[PDB]
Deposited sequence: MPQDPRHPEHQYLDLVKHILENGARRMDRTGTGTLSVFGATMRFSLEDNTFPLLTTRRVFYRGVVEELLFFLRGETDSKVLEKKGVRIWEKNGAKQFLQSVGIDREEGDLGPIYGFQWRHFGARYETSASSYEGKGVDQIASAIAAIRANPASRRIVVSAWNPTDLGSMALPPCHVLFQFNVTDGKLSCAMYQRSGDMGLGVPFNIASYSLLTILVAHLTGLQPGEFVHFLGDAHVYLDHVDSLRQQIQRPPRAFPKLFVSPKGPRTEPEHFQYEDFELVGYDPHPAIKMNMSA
């Protein structure tokens, strides 16, 4: 079971992590990979992951929105030039969350989907959320720094480099989100999902989560849920997708 990769990484941090300062235990440089074949959706079972949050927050970023009032009014907790902005309007001057950016900055997402369709074998289908000229971003920068899509044998795969991740909450959430982005984009482009590959720089556990994490990691994982994309109407762009287009089947977390 691939959740073991997550649990082993947690065990590793608990047993051999460094102490650095809120304190943490940490290691540097880790990888986990999850198959998305046969509708597998790597939503962790050893502790319930906020699925509705994953979905709404991904669709929100894909709309390029930056106003957490949208999310709040959907049961999910101005944010600045966070992910969606960088994804969809890279290099634009960021003003306010209530403002318009159509035709400003580089739409890396549109560019990635186009490349997937015209040149699926491309090695340059990269999307970056890291802009060192954006001082606002740079004072509280994205944890998930960059990702790459790959098409091989009709399967869309994704690799994401995460500079820092908390194992307790953030990392499981992020596995879900990028897995869901791959599934969403696979559907949009007529492909089947392949794999999500997660690369981590700093991987840390918070001290106040130690006790709970060590109970969690003796639980045997359960088979991952399945995720089906069944749009309620036509979807020609990624911002068009709605929460309801996704049926989560067999999710049974401890």
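When the deposited sequence is numbered from 1, the segments without any C-alpha atom are 1-6, 28-31, 88-108, 286-294.
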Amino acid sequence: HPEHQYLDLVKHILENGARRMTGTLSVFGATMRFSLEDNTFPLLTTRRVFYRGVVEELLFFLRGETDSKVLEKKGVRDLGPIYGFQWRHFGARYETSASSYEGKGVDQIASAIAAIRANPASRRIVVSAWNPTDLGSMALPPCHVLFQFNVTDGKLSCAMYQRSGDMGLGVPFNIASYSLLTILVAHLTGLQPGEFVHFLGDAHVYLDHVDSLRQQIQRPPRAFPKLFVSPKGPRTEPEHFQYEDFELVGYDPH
From here on, numbers count along this sequence of modelled residues.
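The deposited model assigns a higher average Cα B-factor to 209-217 than to the other stretch when 22-30 and 209-217 are compared.
According to the PDB record, 241-249 carries the higher mean C-alpha B-factor of the two stretches 7-15 and 241-249. In this structure the maximum Cα B-factor among 97, 86, 122, 164 is found at 97. Out of 175, 181, 82, 114, it is 82 whose C-alpha atom has the highest B-factor in the PDB entry. In the deposited entry, the Cα temperature factor of residue 58 sits in the middle third of values across the chain's modelled residues. When the modelled residues of the chain are ordered by their C-alpha B factor, residue 101 lands in the highest third. Sorting the modelled residues of the chain by their CA temperature factor places residue 140 in the highest third. Residue-level temperature factors show residue 52 in the middle third of its chain, judged at the C-alpha atom.
When the modelled residues of the chain are ordered by C-alpha B-factor, residue 68 sits in the highest third.
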